[PDB]
Amino acid sequence: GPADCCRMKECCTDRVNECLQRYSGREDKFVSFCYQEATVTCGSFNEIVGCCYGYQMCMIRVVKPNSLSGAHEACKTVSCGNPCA
Amino acid sequence: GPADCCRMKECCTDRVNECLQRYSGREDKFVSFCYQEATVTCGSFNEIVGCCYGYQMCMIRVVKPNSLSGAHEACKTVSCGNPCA
Amino acid sequence: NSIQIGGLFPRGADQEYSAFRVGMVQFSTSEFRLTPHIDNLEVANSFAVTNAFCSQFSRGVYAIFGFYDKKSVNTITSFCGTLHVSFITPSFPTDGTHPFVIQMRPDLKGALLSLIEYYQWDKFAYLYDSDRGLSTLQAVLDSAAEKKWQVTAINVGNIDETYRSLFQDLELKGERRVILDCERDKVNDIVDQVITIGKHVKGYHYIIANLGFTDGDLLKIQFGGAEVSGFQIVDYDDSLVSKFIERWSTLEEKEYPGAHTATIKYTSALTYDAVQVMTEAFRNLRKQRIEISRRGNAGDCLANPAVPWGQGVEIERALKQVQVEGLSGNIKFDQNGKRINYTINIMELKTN
Amino acid sequence: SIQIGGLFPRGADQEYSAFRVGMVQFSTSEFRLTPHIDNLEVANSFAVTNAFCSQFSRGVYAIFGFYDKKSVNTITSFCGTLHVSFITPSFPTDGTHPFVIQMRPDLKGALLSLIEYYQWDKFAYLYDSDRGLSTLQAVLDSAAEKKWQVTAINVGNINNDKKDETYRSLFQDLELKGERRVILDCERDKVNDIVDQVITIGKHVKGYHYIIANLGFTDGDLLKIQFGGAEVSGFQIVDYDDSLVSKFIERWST
Amino acid sequence: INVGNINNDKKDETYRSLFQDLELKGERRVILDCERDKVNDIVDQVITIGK
Ligand SMILES: *[C@@H]1O[C@H](CO)[C@@H](O)[C@H](O)[C@H]1NC(C)=O
């Protein structure tokens, strides 16, 4: 019933990061894929946008092979942007 | 710059409560008003919906005269519903 | 002036004791020769160790060379510390400050952690046991807490199917990287279990934490396809080690068992270097015009209150001040008796 | 008419008191136990060996005492070889050791069961040295199975001199990792220190959850952290509502 | 609020009560006008309930 954008955000970042740990060393190439996994698991307000767009972009624009931990730790506090459009 | 739904939620609840402590004994009647102040201050994705709708409704359905503190403390953890529609 | 030292060799220490005897023959000054009193015992048993140590002590020994388990170790450290009797040993380093103990084995923690950073491991698995102690485990746990590692600690010493289970969840979680911290035997076992269920496939990286990486048989995973990394205390390309092997590989199996091999276990090499250290230590004792000869009879080790020989303290110092070049590399100790200035080779197992 | 061993670590007082009380309470006309007590540094293996042999040579029928993570092997081995029974409140052994009667119940199952009860997917775990890393090894294994995120932090290698500063530091990092749920595994003293430091930096407010892994939980002073607003859970081996315990306290408190 | 007439016997409970009512008033900002000792008492009670 109740859906919260905040809880959806936390779940989003967490599921992305938890996904990226399966692909370790290849992470930079799998960021988008794992993001869609988080979007589809935690649900989204807009199917197109995903659970947190800003996070996806920040990560995809930062994550390097075996750089995961610091990348996620720096990207999870970022603003999700607009969940609608 | 980029606006975050989560940060907007926190700001919403906080600004609502900060407004409602201006009015005492009538709080239950001014809850909606204070909500529009939080919506107009912290901004919203949809002007109609506001910054956090679920919070506003939870408060309107709870707040009693001089019941403010406990009402707010129980309503800020509620799900925002949805900022879009 | 002669010199009497006691030894303790666990049952099955054959090659180690062999290298001990070889070190005895090789390092020999005419002015004095060490007088080994050998005792074979089960080192895992605290009572046996207590009794052996007291047996050596009452025999009026100047210094003791031996081994200890995770069980007997405290007995050794406490008894040495109380009776002021120096103890030399290849056995795993002790966590803390233990006087009158000289640990020939270098500390592996730094090498390991630095290697983890080197391969850039943010997340991995750690298979340990209780044999050499949990000090390393505490180290990797603390460093994991600081560096935000996802380390998975699994005690493999208390346990076939379970291995398949753990490696299954690892396969699903996609953790390829594993660190084996275990006895040579346990390592062999775990590797065998890995090959049987085929977890040695490409994508896996194993780190064997011990100074024995080439001392054991690496032939099994050599064709496995998974990357393997290790630690080496003895460089076999060194002229010292080269000539050592030259003399060692030509020895009669009749006299010295397990000698005819081309290589040598790091524990055994450490035994040899231990002989060197005791020799140079007592050499520095007689050369500094300080007579060590035991004043009175040692007596009953249990006799209360304790009766340490004061002059024996000198011997301790004499050992810690030793700096020599052995098989293990540059040998020097700190005030606590732990190895310092050691160099640890970082190895990797490839096709060649 | 029976002579039993009395090994007591230096600083064991209430224990020895309850020992004497048990001596008076349980001594029958048929026979009375005749304790020979030895106070020593239990952490010293040599001292324990020497004291144990001192008891042995006096021809003791059974020994009651304590042991450290250091001395334990000396006791188990000497008892097992010399066939001398050893009773003790001290922590259980991680293996099967004959001629030893461990008075303390095993806490591992209880703890893990409580962690599962509160449904903790991620939390912090503060261990040290003394009680062994056994509980830690257990919770780590079970965490590996159940996908718990354990943060292991050793609080035992921290000196009494520098302790406050480092506690505030590590708890700062803990706040940063966003870990509210914490498990304290240590003696009552360490627990008191840690709790004091928690209140000082105000981590005892609502939203925080603490689990004491000691078996007393009521034995230490928790009244200070009681009004903070943070949840606290523990384990109790001695039920004070039982008539036996009630009357015991009645005679004991007087 | 006069805190000087607070009995030493009943002081703890009375403080918990008083600060509870303050909590209902939603008062974070507080001014302590008291002697050093009284201040120490008030602060102690503030920390105990985690204010
Ligand atoms: C010898 O060890 C000490 C102890 O860390 C260190 O200060 C010194 O730099 C070392 N020397 C070499 C050559 O590594």
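Residues numbered from 1 in each chain as written, not as in the entry; some residues may be left out. Chains lettered and ligands numbered in written order. Part of a larger assembly, values for the part shown. Heavy atoms only, no water. Residues with missing side-chain atoms left out of burial classes, pairs and counts.

In its metadata, the entry names X-ray crystallography as the structure determination method and reports 3.6883 Å as the resolution.

For chain E, the PDB entry supplies the name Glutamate receptor 2 and the organism Rattus norvegicus. The record lists the entry's title as "Crystal structure of GluA2, con-ikot-ikot snail toxin, partial agonist FW and postitive modulator (R,R)-2b complex".

Identification of chain A as Con-ikot-ikot from Conus striatus is taken from the PDB entry. Taken verbatim from the UniProt record of chain A, the Subunit comment is "Homodimer; disulfide-linked." (UniProt positions renumbered as here; feature names shortened; annotations may be inferred.)

Overall, the coordinates contain 14 disulfides over all chains when judged by the stated rule. The side chain of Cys19(B) participates in a disulfide bridge whose partner is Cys34(B); the two sulfur atoms lie 2.0 Å from each other. Because the torsion about its S-S bond is -65°, the bridge between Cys19(B) and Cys34(B) counts as left-handed. Taken together, the residues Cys19(B) in helix α1 (residues 5-20) and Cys34(B) in helix α2 (residues 27-42) connect sequence positions 15 residues apart. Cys53(D) forms no disulfide, and the closest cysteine sulfur to it belongs to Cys301(C), at a distance of 8.3 Å. (Disulfide = S-S within 2.5 Å. Helix = DSSP H or I, 4+ residues; strand = E, 2+ residues; numbered from the N terminus.)

Going through the model one piece at a time under the given rule, you end up with 36 salt bridges over all chains. Here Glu73(A) ties to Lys76(A) by a salt bridge, and the two come within 3.3 Å at their closest N and O atoms. We classify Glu73(A) as partly exposed; its relative accessible area is 30%. Look at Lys76(A) and you get partly exposed, because its relative accessible area is 35%. In this structure, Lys163(D) engages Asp193(D) in a salt bridge whose closest nitrogen and oxygen atoms are separated by 3.9 Å. Of this pair, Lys163(D) sits in helix α6 (residues 163-176) while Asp193(D) sits in helix α7 (residues 188-200), and the two are 30 residues apart along the sequence. What makes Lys163(D) buried here is its relative accessible area of 18%. We classify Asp193(D) as partly exposed; its relative accessible area is 27%. Where salt bridges share partners, they join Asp129(C), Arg132(C), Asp181(C) and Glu183(C) into one cluster. (Salt bridge = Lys/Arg side-chain N within 4 Å of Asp/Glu carboxyl O. Buried < 20%, exposed > 50% of the residue type's maximum accessible area, 1.4 Å probe, protein only.)

Each copy of the sequence occupies a distinct position, and chain A is placed on chain B by a rotation of 180° and an axial shift of 0.1 Å, giving an RMSD of 0.3 Å. This pairing of chains is accounted for by a two-fold axis. Judged by C-alpha distance, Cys6(A) is the residue of chain A that lies nearest the rotation axis, at 2.4 Å. Taken as a fraction of all interface residues of chain A, those also at the interface in chain B reach 94%, which identifies the copy contact as same-surface. (Least-squares fit on C-alpha atoms. Contact = heavy atoms within 4.5 Å.)

For the rest of this paragraph, the subject is empty space enclosed by the protein. Residues and elements named next belong to chain D. Its boundaries defined by the atoms lining it, the largest cavity holds a volume of some 180 Å³. Breaking the lining of the largest cavity down by element, the ones donating at least two residues are α7 and β9 (209-212). Looking at side-chain class alone, the lining of the largest cavity contains nine nonpolar, three polar and three charged residues. (1 Å grid on protein atoms, 1.4 Å probe; cavity = no way out; pocket = protein on both sides within 12 Å on 5 of 7 lines; lining within 4 Å. Points joined across faces, edges and corners; volume = space filled by probe spheres on them. Nonpolar A, V, L, I, M, F, W, Y, C, P; charged D, E, K, R; others polar.)

Residue and element names in this part refer to chain C. The sheet contact formed by strand β11 (residues 323-325) and strand β12 (residues 330-333) spans three bridges and is antiparallel. Paired with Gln 323 across the strands is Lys 332, a residue of β12. Following β11, the chain reverses through four residues before pairing antiparallel with β12; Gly 329 in that reversal takes a positive phi of roughly 110°. Across two bridges, the pairing between β12 and strand β13 (residues 339-340) is antiparallel. (Pairing = 2+ DSSP bridges.)

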